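A.B. asks: how does the following fold in three dimensions:
(2 chains, ligands or ions: 5)
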Amino acid sequence: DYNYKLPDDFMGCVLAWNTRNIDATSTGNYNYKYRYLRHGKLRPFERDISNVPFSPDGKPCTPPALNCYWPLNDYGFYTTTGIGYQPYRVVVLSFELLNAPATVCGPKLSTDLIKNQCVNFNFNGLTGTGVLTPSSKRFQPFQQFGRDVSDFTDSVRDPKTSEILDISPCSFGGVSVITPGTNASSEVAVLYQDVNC
Amino acid sequence: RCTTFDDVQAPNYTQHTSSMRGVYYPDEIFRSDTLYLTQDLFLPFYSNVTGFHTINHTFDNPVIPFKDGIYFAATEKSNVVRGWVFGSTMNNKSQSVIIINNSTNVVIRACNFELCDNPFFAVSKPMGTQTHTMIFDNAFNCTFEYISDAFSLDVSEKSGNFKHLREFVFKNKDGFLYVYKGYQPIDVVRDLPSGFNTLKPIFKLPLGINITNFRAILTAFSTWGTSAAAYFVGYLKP
Ligand SMILES: *[C@@H]1O[C@H](CO)[C@@H](O)[C@H](O)[C@H]1NC(C)=O
Ligand SMILES: *[C@@H]1O[C@H](CO)[C@@H](O)[C@H](O)[C@H]1NC(C)=O
Ligand SMILES: *[C@@H]1O[C@H](CO)[C@@H](O)[C@H](O)[C@H]1NC(C)=O
Ligand SMILES: *[C@@H]1O[C@H](CO)[C@@H](O)[C@H](O)[C@H]1NC(C)=O
Ligand SMILES: *[C@@H]1O[C@H](CO)[C@@H](O)[C@H](O)[C@H]1NC(C)=O
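C.D. replies: Numbering: from 1, shown residues only, chains lettered A, B, ... in the order given. Ligands and ions are numbered 1, 2, ... in the order given. Sharing the structure here:
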């Protein structure tokens, strides 16, 4: 982790799998190395390929002088070793929550958009629901989600047709009910929808 | 080749005020008629911006520390300051991304470059044509490669006030070099002018390299000469 740092903030998927058969040669495998000494630490998603001759004080060196070590490790493998020393090919799948125009789909067939109220819209990363409605909002081309006052996405530019449309929610509200006396009459409780009629 | 000119005059470090500059769209989210707070690396209002004034004797491109993020401006009428290196030690072993425009297209290419102490473009002063480039010679253990979309550029000498002003912001953040861009016309000789201008993103470059130092790349007008074109460097703070 002192060589490859994954941050607390941004995160993806870490994928390791065993390679006793391929990499763990019976006589040795010294193609792979890693640094074990470095001035300070590494920032996340940031590395140092360079084979800088390390010194604990900071002076430049020429080995094998006093406290002039090579940073890389003679990091070999054997198939006769235990599972804790076997090599593991690790692929780290960092994603982008930074919603640019998208790359991965995980394919579903894309339907046609409708002005109809109450559509379960599933755009690129918006599994919301509401009323798709075209809007006059400007959208400089490096932004494609619109927000109004808070957390909720107000408007989206469509990913297929680049049409600018704002989202209204499914037209909720409270139902209130007028009754006269139930002893007077069980006749129909008339209602409220706090909504456009 | 590591060709350095003889008379290299040191910068006087004429400080200027980042009046109302260094403001960019912080994320890809449209917001309409609202007030919005943001915790991110910005250029503070009225900070010290180190000017770099190029004259016939003064040749300004020192190895400037990066330090968590920089603002960049360039008063241009000949489009001189085209080129950015972002290195660790600015030598052959360290990783250094090189963002350059060679007057037809912007080319970003990160490798372990043997950085010369004096990069320059051999451009004639009355003609104004790019003949060659001598920025890099050896490029071993190359990480990143990119070629952008093409656009034309004028190189030759003008005289007077500045017509162009390219305003750039570079943020090293989780190995992603965020690059921003804005533009407005000005009229000034040497001062970084007061005024508000908003910057827009272009590149989220997946580099992952240690950026601590940087150096701009100048367009020399060729025994050398430079036209009147200054650039400005600020620092971003959280
Ligand atoms: C980058 O390298 C320099 C020297 O090469 C070192 O002082 C600095 O700590 C490094 N930065 C990071 C973030 O590792
Ligand atoms: C691809 O995008 C264009 C506009 O960018 C659009 O007109 C076209 O319909 C899209 N293709 C499909 C199959 O929808
Ligand atoms: C740098 O800025 C500080 C305030 O941020 C100011 O006090 C100082 O005088 C400035 N340095 C100059 C102008 O050289
Ligand atoms: C330099 O210009 C050429 C065409 O003039 C183009 O391929 C690109 O912009 C640059 N090529 C590089 C840097 O290899
Ligand atoms: C490039 O780096 C690799 C390890 O990343 C190293 O084995 C190789 O010798 C380097 N190339 C040089 C020094 O020319």
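A.B. asks: tell me the residues of chain A that contact chain B?
C.D. replies: With Cβ under 8 Å from any Cβ of the partner chain as the criterion, chain A meets chain B at residues A:7, A:9-10, A:43-52, A:98-100, A:137-140, A:142-149, A:155. For every residue, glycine as well, the C-beta is placed using N, CA and C.
A.B. asks: list only buried entries from those residues.
C.D. replies: A:10, A:43-48, A:50, A:52, A:99, A:137, A:139, A:143-148, A:155 (16 or more other Cβ atoms under 10 Å in any protein chain shown).
A.B. asks: out of these, which are close to ligand 1?
C.D. replies: residue A:43 (Cβ under 6 Å from any ligand atom).
A.B. asks: may I ask which helix or strand encompasses the one residue in chain B that gets nearest to ligand 1?
C.D. replies: Closest contact between chain B and ligand 1, by Cβ to the nearest ligand atom, is at residue B:210 (3.7 Å). Under the criterion DSSP states H and E, no helix or strand holds residue B:210.
A.B. asks: which non-adjacent residue is nearest it?
C.D. replies: Leaving aside its sequence neighbours, residue B:210 sits nearest to residue B:88 (Cβ to Cβ, 6 or more residues apart in numbering or on different chains; 4.3 Å).
A.B. asks: equivalent analysis for residue A:108, please.
C.D. replies: Leaving out its chain neighbours, the residue that sits closest to residue A:108 by Cβ to Cβ, 6+ apart is residue A:122, at 7.7 Å.
A.B. asks: which residue ranges of chain A form helices?
C.D. replies: In chain A, no helices are defined using DSSP state H.
A.B. asks: thinking residue B:224 is in contact with residue B:6, fair?
C.D. replies: No. Using Cβ atoms under 8 Å, residue B:224 makes no contact with residue B:6, being 9.1 Å away.
A.B. asks: which of the two has more neighbours?
C.D. replies: Neighbours per residue (other Cβ atoms under 10 Å in any protein chain shown) separate residue B:224 from residue B:6, with residue B:224 holding more: 15 against 6.
A.B. asks: Three-state assignment for the closest residue to the more buried one other than its chain neighbours, please.
C.D. replies: Sequence neighbours aside, residue B:5 is the residue nearest to residue B:224 in space, at 5.4 Å (criterion: Cβ to Cβ, 6+ apart). When classified by DSSP: H, G, I helix; E, B strand; the rest coil, residue B:5 comes out as coil.
A.B. asks: for residue B:5, give me its contacts.
C.D. replies: Residue B:5 is in contact with B:59, B:118, B:120, B:224, counting by Cβ atoms under 8 Å, 6 or more residues apart in numbering or on different chains.
A.B. asks: and the third one, what does it touch?
C.D. replies: Residue B:120 makes contact with B:3, B:5, B:134, B:217, B:218, B:219, B:220, B:224, according to Cβ under 8 Å, 6+ apart.
A.B. asks: what's across from residue 146 in the sheet?
C.D. replies: Here I'm looking at chain A. Applying DSSP bridges to residue A:146 yields these beta-bridge partners: residue A:155, residue B:30.
A.B. asks: that's the other chain; I wanted chain B
C.D. replies: Taking DSSP bridges as the rule, residue B:146 bridges to residue B:108.
A.B. asks: which residues of chain A lie near ligand 1?
C.D. replies: A:39, A:40, A:42, A:43.
A.B. asks: if we go to 8 Å?
C.D. replies: A:38, A:39, A:40, A:41, A:42, A:43, A:46, A:48, A:52 (Cβ under 8 Å from any ligand atom).
A.B. asks: OK, contacts around the closest residue to the fourth one other than its chain neighbours?
C.D. replies: Sequence neighbours aside, residue A:2 is the residue nearest to residue A:41 in space, at 6.5 Å (criterion: Cβ to Cβ, 6+ apart). Contacts of residue A:2 were listed using Cβ under 8 Å, 6+ apart, and they are A:35, A:36, A:38, A:41, A:42.
A.B. asks: closest one of these to residue A:167?
C.D. replies: Checking the contacts of residue A:2 against residue A:167 by Cβ to Cβ gives residue A:42 as the nearest, at 42.1 Å.
A.B. asks: show me the contacts for residue A:171.
C.D. replies: Residues in contact with residue A:171 (Cβ under 8 Å, 6+ apart) are A:117, A:118, A:131, A:195, A:196.
A.B. asks: report the two of the residues you listed separated the most.
C.D. replies: A:118 and A:196 (13.1 Å).
A.B. asks: how about stretch B:177-186 and chain A, touching?
C.D. replies: No. If you take Cβ under 8 Å from any Cβ as the test, stretch B:177-186 misses chain A, and the best it gets is 9.9 Å.
A.B. asks: any residue of that stretch touching ligand 1?
C.D. replies: No. Under the criterion of Cβ under 8 Å from any ligand atom, ligand 1 is not reached by stretch B:177-186; the shortest gap measures 13.8 Å.
A.B. asks: before we move on, back to that, so which of residue A:118 and residue A:196 has more stuff around it?
C.D. replies: Set residue A:118 next to residue A:196 and count neighbours by other Cβ under 10 Å: residue A:118 wins out with 13 against 7.
A.B. asks: excluding chain neighbours, give the residue nearest to the more buried one in space.
C.D. replies: Leaving aside its chain neighbours, residue A:118 sits nearest to residue A:170 (4.5 Å; criterion: Cβ to Cβ, 6+ apart).
A.B. asks: quick one, what contacts that neighbour?
C.D. replies: A:117, A:118, A:129, A:130, A:131.
A.B. asks: which residues of chain B lie near chain A?
C.D. replies: For chain B, the residues found near chain A under the criterion Cβ under 8 Å from any Cβ are B:25, B:27-32, B:34, B:88, B:93-95, B:112, B:141, B:143, B:174-176, B:200-201, B:204, B:208-210.
A.B. asks: write out the residues of chain B neighbouring ligand 5.
C.D. replies: Within chain B, the positions near ligand 5 by Cβ under 8 Å from any ligand atom are B:112, B:140, B:141.
A.B. asks: got the phi/psi numbers for the residue nearest to residue B:87 when sequence neighbours are not counted?
C.D. replies: For residue B:87, ignoring the flanking residues on the chain, the nearest one in space by Cβ to Cβ, 6+ apart is residue B:96 at 3.5 Å. Main-chain dihedrals, residue B:96, degrees, to the nearest 10: phi -140, psi 120.
A.B. asks: so residue B:96 sits against residue B:111, correct?
C.D. replies: Yes. Using Cβ under 8 Å, residue B:96 is in contact with residue B:111, at 7.3 Å.
A.B. asks: what about the residue nearest to residue B:210, how many residues nearby?
C.D. replies: 18.
A.B. asks: let me know whether it touches residue B:212 as I believe.
C.D. replies: Yes. Contact between residue B:88 and residue B:212 holds when scored by Cβ under 8 Å: they sit 5.6 Å apart.
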